[PDB]
Amino acid sequence: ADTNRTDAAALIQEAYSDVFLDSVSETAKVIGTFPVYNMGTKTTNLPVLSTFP
Amino acid sequence: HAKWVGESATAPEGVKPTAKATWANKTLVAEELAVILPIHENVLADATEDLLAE
């Protein structure tokens with residue numbers, strides 16, 4: 001007879017740690033990188049010169 | 001529990017017994033109970049009593 005870990009089990013709490021717990025990281029880059037145009041409607045037209053004499 | 005003991009250096013009645021204590025676990029588990037009371041907006045307007053308070 002010896003009062004093993006399974007006889008004492010109800011006295012033995014596991015602990016918890018946040019050391020490896022993180023949110024998602026914001027990896028997106030195109031809005032930070034390229035110039036942004038604020039659109040007032042679904043479609044916008046951009047005229048460009050195509051040819052010259 | 002304790003036991004009565006002899007004094008022998010060699011006979012089995014001179015030896016003190018070993019023994020265990022032991023623990024067990026009870027648990028609270030939270031369980032939910034609920035109801036939904038649907039009522040029609042016109043009935044709630046035409047009644048003389050506040051049926052939402054009731």
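Chain A is the first sequence line, chain B the second, and so forth, proteins listed ahead of strands; every chain is numbered from 1. These numbers come from the heavy atoms of this one structure, side chains and all, not from hydrogens, waters or symmetry mates.
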With a 3.5 Å cut-off and sequence neighbours excluded, list the donor-acceptor pairs that the side chains of residues 4-14 of chain B form with protein atoms.
from	atom 1	to	atom 2	distance (Å)
B:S8	OG	B:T10	N	3.2
B:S8	OG	B:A11	N	2.9

- Item | A:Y37 vs A:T44 side-chain heavy atoms within contact, under 4.5 Å | yes
- Query: Of all heavy-atom pairs between B:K20 and A:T3, which one has the smallest distance, and what is that distance?
  - Reply: CA-OG1, 3.5 Å
Just distance, no hydrogens or angles: give the donor-acceptor pairs under 3.5 Å from side chains in residues 36-45 of chain B, sequence neighbours left out.
from	atom 1	to	atom 2	distance (Å)
B:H40	NE2	B:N42	ND2	3.3

- Query: With clusters built from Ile, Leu, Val, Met, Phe, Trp and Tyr whose side-chain heavy atoms come within less than 4.5 Å, directly or transitively, what are the remaining members of the cluster of A:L21, listed by chain and number?
  - Reply: none
- Where A:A8 and B:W23 come nearest, the two heavy atoms and their spacing: CA-CE3, 4.3 Å
- Query: Of all heavy-atom pairs between A:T6 and A:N4, which one has the smallest distance, and what is that distance?
  - Reply: OG1-OD1, 2.9 Å
- What one should report as the nearest heavy-atom pair of B:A24 and A:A10 is O-CB, 3.4 Å
- Message: By the definition side-chain contact (heavy atoms from CB on, under 4.5 Å), identify the one residue from A:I31, A:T33, A:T27 that meets it with A:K29.
- Response: A:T33
- Message: Tell me the closest heavy-atom pair linking B:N25 and B:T27, and the distance in Å.
- Response: ND2-CG2, 3.5 Å
